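K.L.:
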Amino acid sequence: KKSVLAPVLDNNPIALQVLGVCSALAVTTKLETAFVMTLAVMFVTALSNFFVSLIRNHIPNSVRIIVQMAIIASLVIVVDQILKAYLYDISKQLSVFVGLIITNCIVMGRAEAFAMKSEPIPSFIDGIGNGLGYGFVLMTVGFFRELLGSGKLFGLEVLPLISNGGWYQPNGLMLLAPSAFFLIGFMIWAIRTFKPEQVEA
Amino acid sequence: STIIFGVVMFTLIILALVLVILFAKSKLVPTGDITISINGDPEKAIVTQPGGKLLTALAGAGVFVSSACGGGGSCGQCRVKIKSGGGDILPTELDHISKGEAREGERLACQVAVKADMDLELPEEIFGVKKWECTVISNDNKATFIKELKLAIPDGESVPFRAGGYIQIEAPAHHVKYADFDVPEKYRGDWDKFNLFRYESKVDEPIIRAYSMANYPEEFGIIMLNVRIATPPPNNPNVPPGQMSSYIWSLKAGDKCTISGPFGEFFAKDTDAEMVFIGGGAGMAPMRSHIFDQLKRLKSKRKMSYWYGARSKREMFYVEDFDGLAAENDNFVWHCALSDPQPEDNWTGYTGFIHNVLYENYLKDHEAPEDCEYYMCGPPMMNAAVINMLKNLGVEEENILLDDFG
Amino acid sequence: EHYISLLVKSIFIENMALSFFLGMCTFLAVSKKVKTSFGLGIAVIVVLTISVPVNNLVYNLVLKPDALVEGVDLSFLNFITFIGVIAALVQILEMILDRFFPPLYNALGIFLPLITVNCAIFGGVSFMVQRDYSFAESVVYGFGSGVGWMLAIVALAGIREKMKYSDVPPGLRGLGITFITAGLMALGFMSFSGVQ
Amino acid sequence: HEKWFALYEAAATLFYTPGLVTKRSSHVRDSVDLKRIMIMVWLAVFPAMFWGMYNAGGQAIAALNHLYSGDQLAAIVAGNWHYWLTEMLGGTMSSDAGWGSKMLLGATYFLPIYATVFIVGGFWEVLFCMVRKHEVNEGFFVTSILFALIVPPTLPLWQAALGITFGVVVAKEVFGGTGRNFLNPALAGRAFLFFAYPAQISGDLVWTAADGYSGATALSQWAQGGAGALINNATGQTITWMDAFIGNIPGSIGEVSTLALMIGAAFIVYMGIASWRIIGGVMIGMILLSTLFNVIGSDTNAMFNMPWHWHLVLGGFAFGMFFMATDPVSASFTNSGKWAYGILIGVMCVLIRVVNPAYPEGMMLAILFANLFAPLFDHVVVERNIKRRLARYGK
Amino acid sequence: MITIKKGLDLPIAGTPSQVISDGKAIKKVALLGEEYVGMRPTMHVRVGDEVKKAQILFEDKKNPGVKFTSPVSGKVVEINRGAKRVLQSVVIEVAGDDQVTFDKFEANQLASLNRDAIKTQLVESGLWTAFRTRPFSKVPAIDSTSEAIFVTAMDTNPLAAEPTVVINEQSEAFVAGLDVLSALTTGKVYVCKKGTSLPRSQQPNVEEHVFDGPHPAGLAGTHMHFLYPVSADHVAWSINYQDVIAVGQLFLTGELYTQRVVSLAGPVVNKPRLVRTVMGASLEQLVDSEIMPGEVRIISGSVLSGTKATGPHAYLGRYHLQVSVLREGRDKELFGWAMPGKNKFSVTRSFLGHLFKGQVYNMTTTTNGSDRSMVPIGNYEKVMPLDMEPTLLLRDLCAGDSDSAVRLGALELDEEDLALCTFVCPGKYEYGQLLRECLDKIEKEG
Amino acid sequence: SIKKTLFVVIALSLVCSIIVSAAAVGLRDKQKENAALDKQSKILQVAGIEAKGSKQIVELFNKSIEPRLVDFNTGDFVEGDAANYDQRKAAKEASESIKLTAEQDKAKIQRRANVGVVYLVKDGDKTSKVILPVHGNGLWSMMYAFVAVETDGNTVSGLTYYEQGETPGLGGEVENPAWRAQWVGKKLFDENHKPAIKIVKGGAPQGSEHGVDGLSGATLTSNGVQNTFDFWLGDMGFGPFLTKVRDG
Ligand SMILES: Cc1cc2nc3c(=O)[nH]c(=O)nc-3n(C[C@H](O)[C@H](O)[C@H](O)COP(=O)(O)OP(=O)(O)OC[C@H]3O[C@@H](n4cnc5c(N)ncnc54)[C@H](O)[C@@H]3O)c2cc1C
Ligand SMILES: CCCCCCCCCCCCO[C@@H]1O[C@H](CO)[C@@H](O[C@H]2O[C@H](CO)[C@@H](O)[C@H](O)[C@H]2O)[C@H](O)[C@H]1O
Ligand SMILES: Cc1cc2nc3c(=O)[nH]c(=O)nc-3n(C[C@H](O)[C@H](O)[C@H](O)CO)c2cc1C
Ligand SMILES: COC1=C(OC)C(=O)C(C/C=C(/C)CCC=C(C)C)=C(C)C1=O
Ligand code: FES
Ligand code: FES
Ligand code: NA
Ligand code: NA
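Protein chains in written order, with UniProt numbering: chain A, 8 to 208; chain B, 2 to 407; chain C, 2 to 197; chain D, 20 to 414; chain E, 17 to 462; chain F, 7 to 254.
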């Protein structure tokens, strides 16, 4: 239980490590895209690690990079087809970032570092945990941006907008690029205050 | 229908991609074997295939490079002079190597990858390394957590080394239990207070460790050593017990262990100035060699002193040896400060810690404390406390030769 | 001409690093020093200039819907082909430079392994699919996007070197303050948001 | 209290100078300290602040008497606390109001914003200093006044509090405080509102404090129909060049008067506090691009034919050039980079004004963009110097 | 020949009369240990010992062979040590006329003397310590040589003496010293002056260069930057004109010449002038019955680059040629930072005082403000005439980026080269201390 | 051992290809429906038909909507698969396209496809309104809408913007229902058969026939909307087709 939850506030892919930041900055305007994206990253990281481990002892070292990206690319392509067949609306919103899961440093980072020279099941759990931490960052950033940028959570009204006979004026910077940078930056500050072991020198 | 096209095209791209990479590798990457030159000697030249770290090729050959961490990258004992090759010094290498040393070719061998031809200028000491497996003679307990180790030289003569050196000991995997440890009744009584015999060390894989010598060069026949048992912290039981020291402690007469030759840099200066020795725990080994070396091997007339830190009388070993040397030569003197004498000790001498006993007695009124060489080796707490006092006396770092054994 | 308006579009109006959040991991990691930052940027320019037009040729000739045969559209192979092409062409570049151009390898070839399977390269081709680019157009777009990516990362390196005098609170030092810096940079790069 | 003792140190250092003596060489020190620099900049915008309050009240009065009259005008006055408070203290609201009534009305819009900016902004400055155990610096005095002078008179107070909070915290305090950041704090706070709540800091409902009045500004009017579209609908008169130069136009409280800003700019420039290389660079960049657009021409965009001297007196260009681009911390540090830093500001402002349809003015965006490249201009300058050094300066 | 415009002449009141007069008798003389950069003394004398003129007092552990010798003969009365047992001063009461002698030579023979012969005599007499190296302002190693020796025959420090007045008396000794330097240098000897005529050496090795303009036009660092840029590979030696006179006296008479001419000046100095004294003379005794009442600070050297003369450090420094006395300004002023200063001096034009040209100011030790982070308003670039970027160089020093500081020219600088930057800094940073820290790291790593 | 590497590469490649080619090919039909049904909902929304659920949207659309192709030049219907027709592709491809002149490009649209697709709202075998899809450039993005015109060809039944990237609060208020509701009852043409719909800055008179309130603080977006109805109600848009609709 401790192993799976480790990459959440101890070796989080975005707070301690710098991995999967491109998605965390681009699909966090709504929780629906942030939620579905994280589930995909767990599906790919867990499965890519599992398959890499099984054929790790036989992978050719010369072209191991090609062999690994093929597994990830195949899985991400399948995930893209599923999102089109079901959840086409969300799939359209994610745009080119569903395919960018391939280059997501989290997927490759675990694949080379852990899926290799490891057993399948532990490597699978390694992927599940990493996505959970990656998902935690996407939820926190996505929660604040959607709530303050639109007055809604998961598309549900939580703050009636003055335009819709409400009382809350939306903040337009929450829907733009800089806000995601600030939220993660302040998110890191909070984590390293309650866990001062992560402070850099 | 389209699935057939999808399958065929999918493979054709991958096969084309790998073939281009593999085809490019043959005509672009030179697969010829690398040639490594050591000190420029044609015989010492080492030919190793591309790939792997520098220490790998050197270890197989007749030149052995000291590596306390065994390639861990955080020991600094793999410093070698790379005249040519090896690229530029890595940013991590600068952590253990100063900028000035980098200009001289000082590089971490374990951190350097052999990917092309290179030139090396390994020193004579690194070149002059011989593998020996001495037969353990004595493993008596000098103190509560200290043992005196006697080693029988396999091929006669004695290990060639300078005073204060160490021998890198390597042992295979074994399960040694603290019960097998043999202790005298004098020290066994204190052991029963905590009953450390319940521990059971399990050395899964071979390990490498260093142990300072405890015999000056003229002491031919036995490579005397002092070993301190490694145990989990009393306040932190969740730590593995001693692995190498426990294995060595478990040994007795008849057992043999490898020493991989001598190494070290804890050498005194050949000058005409006063010398100060501050030993602790296993640190008594270099002091005994240094004291023996100066008194008889060199017959130096320079003033000498010794300040060993101990807690109780039972801890204090080699007391007779120092008393004889002190009586034998007036220039050499020794004193001990008891941190916490036992009720039966009835101590009536210096009491407390040496970091204050030494200053309040000798250094405080010393005319020129800076004009002294301070050789210190002991527990980390002693080293930290003593360093602050010596700095407060205006003592240059060059005159403080710390040799902490952990 | 049309190409010039495209080049200025892909350097300032379209910014991969700040406007599309692509290549952030290396953008925030190799931004410590200007010299190394200027190095990775050039490699990104080279890889984009090679990767984008080459994938354009493959896409039109092979992966384009209905182009190869009537009723057969190999579009679902898009992701594997682009990533596979970029990965292959970068590795060979690291080899030709090392064998034949030592000085260039130590100057630009060192960063190529970082540019392998990088987000900025893949994202650039991905937009080049959702947009119709002619081969010459794709060359300019590939070149311009990498140039603009270099501008952001080189600009970040200047700010971080200036920050040697900063007194950042512990817990924000390093990654946390860098994210804020990038956000403040994104604010200044929104001055061409409305341009065409 | 130990924590409140630090704050008392700032107060004591404010009323009385410290009695500290030098602890080493140099044993004598220059008279100038950071305190005197800040107050000179603070006093340099006083002429623009006073005219701004007069201008804001004048525009509001003229528009109010042009929309309403008689009983309707009376009801409008009673509805808004800004209006009757002016009448309560002894100020008329008719079309015969004097400069005192016009100034007084403007003060009811500026003082609350400046007070809101100061209290909320100062709280963050003190909080960071107390927790991190630092002495309060005088930089906030300049930051608070400048931020309050570059916002519309109608800005909601809660939005003003947010803007100063963003600039002080996100742009300055996390970096270590005054002198330790790279971005212009006042403009960072303005950019926050610019993008967070664009409805309140743009359009035709925020630049005049007359309730129910809609009027475009000069920059907007020119972009619509060129020089001939410059009309004050609250007075029916053409906006002449001298009108923009003096400041008889709607806009931000402190930006309107190019003449008033120049007088303050001259003083700090003469005193050596404001770099003249930066100001000279801004003029070069603006003039070169404005004339370039004039020569190129355009049959669809009216901004192409705006001359340099019209760019000078419109929008926030003069205020930005004199008091924002001259921020020493966020500008370049080398003399050569200052010329380039100014030129980039001048070029960018004209570019955004003429090419970016989304925003009629670009001085705030231009300076923020230029702040990102000031360290690079210095980098190119020093590397050239390093090469000269490694050649022994040709010796 | 070289004119400087970026600089600042401090118009501090009390400039010396520029006439040499006999000084108060000096009974205590000391050697200041902390003013020799990177020096770890090895004592050759204990308290109560009797010392001759040029007898060694202590050696340097980190510069083997360099002897620090007594300026006078007498008895050692105290060996002052501060925190961490750092040698503050070695005080010697003056008594007797016993002196260690040395070999003498004729004036014409000096230029032809062997380099090792010159070195041995200079080191033995202790006069070797007059030289300092750029970089690092250290005493040159005995086994080292330089192709460029700079002679500072000018002084643009505030309240400084006029070297022409001092040198004119010792014309024969000054020229004799130049001939000795001519043989000592592997390359040239650079004589830097203010354009007025000086005694001139007839050797082609010695070159005269004129510097005109405000301070630091007279600092050796300025002269090296324009005539012989220094780096890790190129090292120059600096020596002031009075030490050059001592060099000539030593090789002409075989006796150590410890007489010095210093300017006693300052606002609180009743009759500022030039007074004859001895090396390391007690400053408390030198300024007795010459200072106005009040709490004052006595400084060895200038107000820009000098040492506070109090307690252990109350003696004339080796490289100092002036004593400046000022008031200690502890007066808190109500809104003083906001008043119009007719009597306040500044490099900026933000005070009324700059309008009254020719005004002199009764400067005190007041900081004129509190410590703040650097806000760069171009003050550094107005007083720094070298081809450098002072704002970036100073920020590297403030940040501790020693590697960056070296690239920006830190190796060309001494503490005195950054005094004007310290004077004009709005944040009240002390850059001389920061430079020394950076230079210590660069030497320790190298 | 290239023999082993090729076996792994081929073996791994074949398994990956089979899954990828099976998933994309098998799911293609479902994906096409998901996109096909997405647009149908917007048309049903502006048509006035309330549809909830995927099944209802398909059922109602196939029962009360009738896609049809039209030629802008001739203003007459043309034969083809109206349901399966990407008008945007036609506009891009020079095949069916016209590079509009600067004067004619009132809505700032680069091209205009030769064939346009409308959606007749059949009611008991009789058309009740025509939903014209129009588009024009805004301040940030290109804005697409559906305009529902009554049988007379003048009255407007409704308007919906189904794709726009304008700033929320300022320019995105084209999707505000109150603003959309303001379009019902207006007239696209005057008695002279010339476009008359006006986006009036500062609001429009109450009870007006061709006047629509502008977007507050969003003149540039409002100008784009005004431009859109100028071009698409002109001779080069639906002017020919709409004129035909008026006379049966
Ligand atoms: C140059 C040099 C000379 C030395 N000379 C001597 C000498 O003369 N005498 C001497 O006694 N020592 C000496 N040492 C120390 C030596 O390296 C060992 O620390 C010591 O021999 C004990 O060996 P160990 O591995 O069993 O204990 P260590 O593991 O090294 O001791 C560390 C502590 O952690 C515990 N521990 C054991 N295994 C682990 C593990 N896997 N992970 C974490 N904690 C663990 C140990 O019980 C102990 O409490 C020297 C070291 C050096 C570098
Ligand atoms: C101290 C402040 C700075 C001092 C600057 C010194 C003067 C700088 C002059 C810049 C060059 C002349 O600037 C000139 O300005 C006039 C306004 O009269 C413009 O006058 C006109 O010209 C263009 C065509 O060229 C017309 O389409 C347009 O209506 C208008 O801009 C000129 O186009 C421009 O060339
Ligand atoms: C000439 C001058 C101009 C300044 N301009 C600004 C400004 O535009 N905005 C601001 O927030 N602070 C300004 N300041 C205050 C301060 O320098 C600035 O906030 C720095 O960025 C703080 O490090 C200015 C100070 C001076 C001396
Ligand atoms: C020396 O100059 C300054 C002051 O004068 C003493 C201040 O007072 C403040 C802060 C002002 C206010 C109103 C903060 C209110 C909140 C708290 C917690 C004190 C600042 C920033 C300042 O620079
Ligand atoms: S996820 Fe790391 S570069 Fe995009
Ligand atoms: S072997 Fe220890 S660092 Fe290399
Ligand atoms: Na104006
Ligand atoms: Na514009």
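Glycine included, C-beta positions come from ideal geometry on N, C-alpha and C.
1) Cutting at 7 Å between CB atoms, please list the residues of its own chain near D:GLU154, excluding the five before and the five after it.
2) Buried or exposed: which applies to C:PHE83, given that a residue is buried once 16 or more other Cβ atoms fall within 10 Å of its Cβ?
3) Report yes if the C-beta distance between E:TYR273 and E:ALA169 is below 9 Å; otherwise report no.
4) Output the residues surrounding ligand 6, defined as those with a CB atom closer than 7 Å to any ligand heavy atom, in chain order.
5) Using a Cβ-Cβ cutoff of less than 6 Å, which residues in the same chain neighbour C:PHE13 once the five nearest sequence positions on both sides are dropped?
6) Smallest Cα separation from A:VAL70: which of C:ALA89, C:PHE128, C:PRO170 and C:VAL148?
7) May I ask you to check if the CB of residue 475 of chain D is nearer than 8 Å to at least one heavy atom of ligand 2?
8) According to the neighbour-count rule (16 or more other Cβ atoms, all chains shown, within 10 Å of its Cβ), is A:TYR93 buried or exposed?
9) In terms of residues, what are the limits of the alpha helix (DSSP H) holding C:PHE83?
10) Hey, which residues come within less than 5 Å of ligand 2, measuring from Cβ to any heavy atom, in chain order?
11) Using only alpha-carbon positions, find the residue among E:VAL341, E:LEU268 and E:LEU413 that is nearest to E:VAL303.
12) When the cut-off is 9 Å and only beta carbons count, does B:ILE22 lie next to chain A?
13) Would you tell me roughly how many angstroms separate the C-alpha atoms of D:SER221 and F:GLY223, rounded to the nearest one?
14) Check the C-beta distance from E:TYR396 over to E:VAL440 and give it rounded, since I have them as a contact under 8 Å.
15) Please give the ranges of any alpha helix (DSSP H) in the stretch 67-133 of chain F, keeping only runs that are unbroken, at least 4 residues long and fully inside the region.
16) Does A:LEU166 get closer than 9 Å to chain D when you measure Cβ to Cβ?
17) Please report the distance separating the alpha-carbon of E:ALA233 from that of E:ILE20.
18) Could I get the ranges of all uninterrupted beta strand (DSSP E) runs contained in the UniProt domain "FAD-binding FR-type" (130-270) of chain B, with 3 residues as the minimum, in chain order?
19) Report whether the distance from the Cβ of B:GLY407 to the nearest heavy atom of ligand 1 is below 8 Å.
20) Assign A:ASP17 to one of three DSSP states: helix, strand, or coil.
21) Helix, strand or coil for F:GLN232, going by three-state DSSP, please let me know.
22) Does C:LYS36 come within less than 9 Å of chain E when only Cβ atoms are used?
P.N.:
Judging by the given coordinates:
1) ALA25, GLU28, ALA29 and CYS148
2) buried
3) no
4) B:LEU56, B:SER68, B:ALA69, B:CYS70, B:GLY71, B:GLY72, B:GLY73, B:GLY74, B:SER75, B:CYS76, B:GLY77, B:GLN78, B:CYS79, B:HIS97, B:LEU109, B:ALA110, B:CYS111 and B:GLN112
5) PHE193
6) C:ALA89
7) Outside the shown range of chain D, which is 20 to 414, sits residue 475 of chain D, and nothing can be said about it.
8) exposed
9) 79-101
10) D:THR310, D:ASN313, D:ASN324 and D:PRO326
11) E:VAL341
12) yes
13) 7 Å
14) 7 Å
15) 93-98
16) no
17) 6 Å
18) 134-142, 147-153, 167-172, 175-178, 201-204, 208-213, 226-229 and 257-259
19) yes
20) coil
21) helix
22) no
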